[PDB]
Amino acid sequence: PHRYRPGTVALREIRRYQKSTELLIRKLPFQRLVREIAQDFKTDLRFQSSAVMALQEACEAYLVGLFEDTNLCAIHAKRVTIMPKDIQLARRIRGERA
């Protein structure tokens, strides 16, 4: 059989996704999560299709950006593996978290 060493496919994936601009969360699931959260604030809301796409573009860019900062927090600690404490530090220094 053929077997890539751990990290080789992960590195290919970084090269592929940094090359493209396509939304990475499947759209239907994203749209139901938007409607469930919106419902809990006010019932009987409709959405322009473009309103859900604006939220998905904003959410994806926020998370891609957060994962950058999170990666730098992992590497600061001499790790290669992002952990929840890295997200927590990046969010604390960003002023998102107390």
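Don't overthink the numbering: it's just position in the shown sequence, from 1.
- The PDB entry reports B-factors from which the mean C-alpha value can be compared for 41-49 and 56-64; the larger average falls on 41-49.
- Just going by the entry, 88-96 versus 2-10 on mean CA temperature factor gives the higher value to 2-10.
- When the modelled residues of the chain are ordered by their C-alpha B factor, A74 lands in the middle third.
- When the CA B factors of the chain's modelled residues are split into thirds, the value for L28 lands in the highest one.
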